[PDB]
Asker: 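This structure is in structure tokens; I'll ask about it shortly.
Numbered from 1 within each chain, the chains take letters A, B, ... in sequence-line order.
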Protein chains: 4
Amino acid sequence: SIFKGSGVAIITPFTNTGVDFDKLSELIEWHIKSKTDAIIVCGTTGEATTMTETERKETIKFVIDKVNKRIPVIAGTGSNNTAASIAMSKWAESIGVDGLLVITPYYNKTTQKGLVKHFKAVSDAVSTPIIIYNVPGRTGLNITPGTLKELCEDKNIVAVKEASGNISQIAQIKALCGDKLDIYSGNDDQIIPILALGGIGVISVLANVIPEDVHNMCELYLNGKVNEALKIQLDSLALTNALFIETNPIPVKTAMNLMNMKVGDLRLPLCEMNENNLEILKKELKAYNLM
Amino acid sequence: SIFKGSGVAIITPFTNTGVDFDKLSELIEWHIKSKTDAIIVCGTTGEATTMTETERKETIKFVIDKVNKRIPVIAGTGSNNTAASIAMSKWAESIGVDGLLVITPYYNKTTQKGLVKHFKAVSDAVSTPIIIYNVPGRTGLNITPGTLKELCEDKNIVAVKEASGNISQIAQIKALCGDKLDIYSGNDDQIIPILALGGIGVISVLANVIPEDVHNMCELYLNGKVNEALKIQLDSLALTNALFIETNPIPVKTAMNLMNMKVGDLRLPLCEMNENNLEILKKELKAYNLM
Amino acid sequence: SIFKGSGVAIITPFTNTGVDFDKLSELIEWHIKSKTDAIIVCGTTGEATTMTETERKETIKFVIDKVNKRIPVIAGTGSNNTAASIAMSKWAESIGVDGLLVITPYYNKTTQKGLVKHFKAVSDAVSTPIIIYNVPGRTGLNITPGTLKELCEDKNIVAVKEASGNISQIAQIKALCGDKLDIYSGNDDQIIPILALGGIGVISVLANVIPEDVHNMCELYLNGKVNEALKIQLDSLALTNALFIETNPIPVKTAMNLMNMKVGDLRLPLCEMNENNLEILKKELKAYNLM
Amino acid sequence: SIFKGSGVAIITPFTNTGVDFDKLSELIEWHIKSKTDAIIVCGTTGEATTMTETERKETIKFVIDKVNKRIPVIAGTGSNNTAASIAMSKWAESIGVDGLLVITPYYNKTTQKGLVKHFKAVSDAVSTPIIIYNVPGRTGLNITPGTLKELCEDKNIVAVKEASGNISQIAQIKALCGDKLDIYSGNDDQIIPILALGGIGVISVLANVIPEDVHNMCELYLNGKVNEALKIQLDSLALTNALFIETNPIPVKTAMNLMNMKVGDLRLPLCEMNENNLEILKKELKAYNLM
Ligand SMILES: [Cl-]
Ligand SMILES: [Cl-]
Ligand SMILES: [Cl-]
Ligand SMILES: [Cl-]
Ligand code: NA
Ligand code: NA
Ligand code: NA
Ligand code: NA
């Protein structure tokens, strides 16, 4: 496995002109102390879409060099243009990332036949483990269990981050791909049911604010302490759903700032929460002892 | 709990003019021997919709009287007409059923406000535990976790059969309703993830053909043997999905007949499978050692 | 055609113990004066689901006998049980209905293969024109354009009431079935686009309150006065959507009573509107000069 | 209006290393001869996603300079990064484009509140008419009629290309935004119903192969000859749906090559059609006299 347990999809802290490197360094050290199992850098939660190429590269290399082999670092390097996914993947490989988080194409989309060629062209280009990221609610596109079955034979493709939110489809991947594909939950509110079907962890938004809970929930579940794990899941559910009340990472960045972490403003087209949803977030942060 | 583990949604075996009572008796004794935990009689799997009132009553009373207190018997008694759900519920109560399986209205539908009045009017009429049955893919209507939270305070309403297929919504019910509402999975391909979130069993189509597997999967999971339970789930997944290749109970009745159980023909508007889907079913029955 | 233009899906006015026959008579005469083209009696808008068999029969025969050949009368006679759809269809035929409104099965559902057998078994039983009613948001089930193509060859099956709300699917039916199947819009907010694709009218909820507008919108469109028709559609759109703010016929019965028509209470599981939605309805009724 | 009638979403013809400028010139002259009303350059149909920035700029400027004021030219300039949508929009403005086709954010997405800030930040930057492009099946994101109502007050925002495929939502935009927002259909199979609700044309994939049909269908409809327009729509429907059998522009580029137009290969992650779908396309091309 690239890692087991809690891999945080870390926000990118912005100053008003670029990236807050010192704040990022603080977050990285906090994650390592708090027992986060891995860092996913410049995923969707990290707003990679509104970062320039230079910012994405500086940011990914910074996380890699700061962590310095202490825990695994995974970079989001996929895009909806296959040539660009190739170039970025080779580049993060070349500077020592331990894994690649590679989203399906989105918006342009393609067929199941094109998904196979897409991911084979990216994988062929590198020698670094790859995690396929499926998130149909964002991309308009669903990579099926059959397409995944065909891809899991690839040498670098070892895992999927599964954010379809469709548990029947999760069971199908596991039954079909067996021990040739690790499953990571792509939704925090679904850690328990996914680890229960044989998943080995989560790439997590909620770990941004409670890394201990997300790590222990996985560790407990994987160790056979399924009830102790279930209770963390149920107790944090209302907070977790509050973090999805508006497009992520709007709520999780909002929350970090309410918890005095000073992580800056979102970049357009993301923006400040509306007032009613802000109040629902705060209520859940206070009930969970976070402010 | 009304029961824990595997509650079979038993087919109703039809002769060419009415109900095959002798065949039903054989099925009941087989279920008790095979360690099925409870019988759900005249649910959707039992084709209650195409049975006359007299047939529904004769059938339910027969299952109750044959079982004779050996295991719990639950009757489907709900409909999309509240007066009719009342009369049928009182009637199954009066002849000694142990639970009521009461579907949300369907087709006519109603609001969340009407769902509360619907279920309160049914419950008020009886003194028998009630299981609310939510199946939005069939009814057009989704009873939300908030509406369920309000209903679980009712004296008779103790459980939900949850066939939304939405695991996020299952977590929400459990986090919100806590120990005031038992959750039964309404989908066989989702037993593991639902028991994992605190569910206490399944009202099952797949138990019609492999009652031992469905019972042991639940017993194992609930007892902490989560891996042994997971393996039954994954091994039977392809068969289970084959049983949903056409509108249930078309495939499960088709399969029982292929396994030489002689359970008769479906009633219109259900009908014989098409040929390609029939072959996919057979392949999965043979691979699972069922024919 | 069974009729062209506006066929009202008439509410059934209830007294506190049964049916308000005098009120129904008043509504029928009002519809004929107001130039409504046809009456659909005991459809979903007429709450047939919560009427007893005797009430459904008394109600349908009353509308037929009161209208006395002045305009076409269509009865809803389908159900999700094929035997019961047969018996009811023959019965409305026998007392002189001019058309049958026959919904797809719902809740139990079936395959496309079963839909063909379902509708052939109903049609074979009668010699009265049949309108197939497709409403997947209520039934869970979508009859496809290909299945409709196969059925339109049937002698009695001449039309579809299309409430999928999917305009691409409406075009497909017309291109495929051609002049062998009349299309009626099953949504008032979609009269224009459906008549534009070759539809010949609407089976209407909004005609309950403004029969003149619904009739003229169709007459104008069919006569080539497409702009005059469009304006009625756009001006009444906000009222029309307000009539769907809660499960129909909750809002249209609520509105009739606000317009002093004294049509009684809904039957469970339908119930009174909630307050915020009630206010939105009233605002739209006042802006459209209805109260 | 920026234009009325048929605005072709022109493919970009690729050589094996870049763009086939001579082929594009031929296509442009053919469109002008064939009476196409406007050219949309580097939209989704033009595979802008897999073109470099230099290619996108060279391509857009080429179409603008070749057309040389003969008909309106609209460039796709939006992206899911607001800064990048700003820079590209200003740039196409600066070289004389007549309109901007600006998609909602996709994949990253945002709230309705962010959509307003997104589009205001793009518009504020320019003085060129803007067409908002809504395509939730591709972006994961639906701009609502209320958000559009608020934006149509903007000085540059004059239109929407509406590809939700939801005709109820089209009526809502028109009723709400009135004469402050032109509607273009974003689906060829929905030209009739959208022009019928007050739309003024289509930004079209099907115009790539039959520009005369798409132009005449609009001209006829807008001129009151609604039946003559309807017939073009119904006759071409099966071809049109065939063009959507796989992710556009896979089928339309495939078809152009079958019609001997020599427009080159698709760029990854788009790829060649599968065989069964290829045969369905060919059958429809032959039945429509195109090969
Ligand atoms: Cl997308
Ligand atoms: Cl799910
Ligand atoms: Cl239903
Ligand atoms: Cl639609
Ligand atoms: Na692999
Ligand atoms: Na209770
Ligand atoms: Na016919
Ligand atoms: Na404007």
Side-chain angles (χ1 to χ4, degrees), chain A residues 1-10 27-28 30-41 43 45 67 70-74 98-99 101 129 131 133-134 158-165 167 170-171 173-174 179 181-224 226-241 243-244 248 252 288 290, chain B residues 167-168 170-171 174-175 192-198 221 224 226-227 229-230:
Chain A
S1 278
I2 299 173
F3 75 96
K4 305 215 210 324
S6 173
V8 59
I10 201 169
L27 286 175
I28 289 166
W30 182 58
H31 284 295
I32 291 163
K33 180 174 174 303
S34 304
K35 286 169 287 187
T36 298
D37 299 284
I39 295 165
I40 291 51
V41 55
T45 305
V67 166
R70 290 178 289 171
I71 57 166
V73 182
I74 295 148
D98 307 286
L101 181 67
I131 305 173
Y133 172 28
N134 189 46
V158 292
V160 54
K161 170 187 173 184
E162 231 302 337
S164 57
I167 204 57
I170 282 82
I173 297 165
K174 184 45 70 174
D179 52 13
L181 195 74
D182 303 317
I183 298 171
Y184 297 101
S185 158
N187 292 301
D188 291 298
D189 71 324
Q190 303 172 358
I191 301 158
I192 299 291
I194 287 170
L195 298 185
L197 289 158
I200 56 150
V202 53
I203 293 156
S204 174
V205 175
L206 179 64
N208 281 288
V209 295
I210 54 177
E212 287 271 10
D213 271 335
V214 179
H215 160 82
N216 286 124
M217 183 199 311
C218 301
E219 191 103 306
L220 294 163
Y221 196 97
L222 303 174
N223 277 124
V226 301
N227 292 328
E228 299 75 351
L230 172 55
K231 173 190 154 92
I232 300 177
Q233 173 88 98
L234 305 170
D235 289 344
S236 59
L237 198 74
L239 173 63
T240 302
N241 292 154
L243 294 172
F244 289 82
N248 172 252
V252 73
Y288 214 74
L290 297 174
Chain B
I167 204 57
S168 277
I170 282 82
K174 184 45 70 174
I192 299 291
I194 287 170
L195 298 185
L197 289 158
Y221 196 97
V226 301
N227 292 328
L230 172 55

Asker: If you look at every heavy atom in A:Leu220 and A:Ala229, which pair is closest and at what distance?
Answerer: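 For A:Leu220 and A:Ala229, the tightest heavy-atom pair comes out as CB-CB, 3.9 Å.
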Asker: Contact between A:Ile170 and A:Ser164 at the side-chain level, heavy atoms closer than 4.5 Å - yes or no?
Answerer: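 A:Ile170 vs A:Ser164: side chains touch.
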Asker: Quick one: CD1 on A:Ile74 to CD1 on A:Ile39, what's the gap to the nearest 0.5 Å?
Answerer: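 These two atoms lie 10.0 Å from each other.
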Asker: Do the side chains of A:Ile210 and A:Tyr288 get nearer than 4.5 Å, heavy atoms only?
Answerer: yes
Asker: What is the distance from atom CG of A:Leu27 to atom CD1 of A:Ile10, rounded to the nearest 0.5 Å?
Answerer: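 Reported to 0.5 Å precision, the distance equals 5.0 Å.
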Asker: Given side chain to side chain contact (heavy atoms under 4.5 Å, CB included), test A:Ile167 with A:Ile194 step by step and report yes or no.
Answerer: CA-CA 7 Å; A:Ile167 204 57; A:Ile194 287 170; 3.7 Å; yes
Asker: What pairs of residues pass the salt bridge (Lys or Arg N to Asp or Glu O under 4.0 Å) test when at least one of them lies in residues 185-208 of chain A, not counting sequence neighbours?
Answerer: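 Residue pairs with at least one partner in residues 185-208 of chain A: there are none.
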Asker: Could you grab the distance from atom CD1 of A:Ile191 to atom OG1 of A:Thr240, nearest 0.5 Å is fine?
Answerer: 7.0 Å
Asker: Looking at every non-hydrogen atom in both residues, tell me the closest pair between A:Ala9 and A:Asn208 and how far apart they are.
Answerer: O-ND2, 2.8 Å
Asker: Taking all non-hydrogen atoms of both residues into account, name the closest pair between A:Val160 and A:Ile131 and its distance.
Answerer: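 What the structure gives for the nearest pair is C-CG2, 3.8 Å.
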Asker: Given side chain to side chain contact (heavy atoms under 4.5 Å, CB included), test A:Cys218 with A:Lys4 step by step and report yes or no.
Answerer: CA-CA 8 Å; A:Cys218 301; A:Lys4 305 215 210 324; over 6 Å; no
Asker: Quick one: which residue pairs count as a salt bridge (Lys or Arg N to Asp or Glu O under 4.0 Å) with a foot in residues 198-208 of chain A, not counting sequence neighbours?
Answerer: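 Those involving residues 198-208 of chain A do not exist here.
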Asker: Going by side-chain hydrogen bond (donor to acceptor under 3.5 Å, both in side chains), name the residues that satisfy it together with A:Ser6, two or more places apart in sequence or in a different chain.
Answerer: none
Asker: Less than 4.5 Å apart, any side-chain heavy atom of A:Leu239 and any of A:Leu206?
Answerer: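 Contact flag for A:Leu239/A:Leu206 side chains = yes.
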Asker: Could you state the interatomic distance from CG (A:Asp213) to NZ (A:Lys35), rounded to the nearest 0.5 Å?
Answerer: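 Answer for the CG-NZ pair, A:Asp213 versus A:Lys35, is 10.5 Å.
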Asker: Rounded to the nearest 0.5 Å, what separates atom CD in A:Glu228 from atom OH in A:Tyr221?
Answerer: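 It is 12.0 Å, given to the nearest 0.5 Å.
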Asker: Applying side-chain hydrogen bond (donor to acceptor under 3.5 Å, both in side chains), name anything that partners A:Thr45, two or more places apart in sequence or on another chain.
Answerer: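 A:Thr45 satisfies side-chain hydrogen bond (donor to acceptor under 3.5 Å, both in side chains) with A:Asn248 once adjacent residues are dropped.
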Asker: Using the ring of A:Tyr184 (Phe, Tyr or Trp, six-membered ring only), decide whether A:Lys161 places NZ or CZ under 6.0 Å from its centre and within 45 degrees of its axis.
Answerer: no
Asker: Which heavy atom of A:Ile192 sits nearest a heavy atom of A:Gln233, and at what distance?
Answerer: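 That would be N-OE1, 3.0 Å.
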Asker: With rounding to the nearest 0.5 Å, note down the distance linking CG in A:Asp182 to CD1 in A:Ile200.
Answerer: 3.5 Å
Asker: Contact between A:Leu195 and A:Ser185 at the side-chain level, heavy atoms closer than 4.5 Å - yes or no?
Answerer: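 No - every pair of side-chain heavy atoms lies 4.5 Å or more apart.
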Asker: Identify, with sequence neighbours excluded, every residue that meets side-chain contact (heavy atoms from CB on, under 4.5 Å) alongside A:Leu234.
Answerer: A:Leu230, B:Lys174, B:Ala175
Asker: Closest approach of A:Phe3 and A:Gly7, non-hydrogen atoms and distance?
Answerer: CE1-N, 3.5 Å
Asker: Provide the closest heavy-atom pair for A:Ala159 versus A:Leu181 in the form atom of the first, atom of the second, distance.
Answerer: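 For A:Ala159 and A:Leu181, the tightest heavy-atom pair comes out as N-CD1, 3.3 Å.
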Asker: With A:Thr36, which residues qualify under side-chain hydrogen bond (donor to acceptor under 3.5 Å, both in side chains), at least two apart?
Answerer: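 So A:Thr36 forms a side-chain hydrogen bond (donor to acceptor under 3.5 Å, both in side chains) with A:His31.
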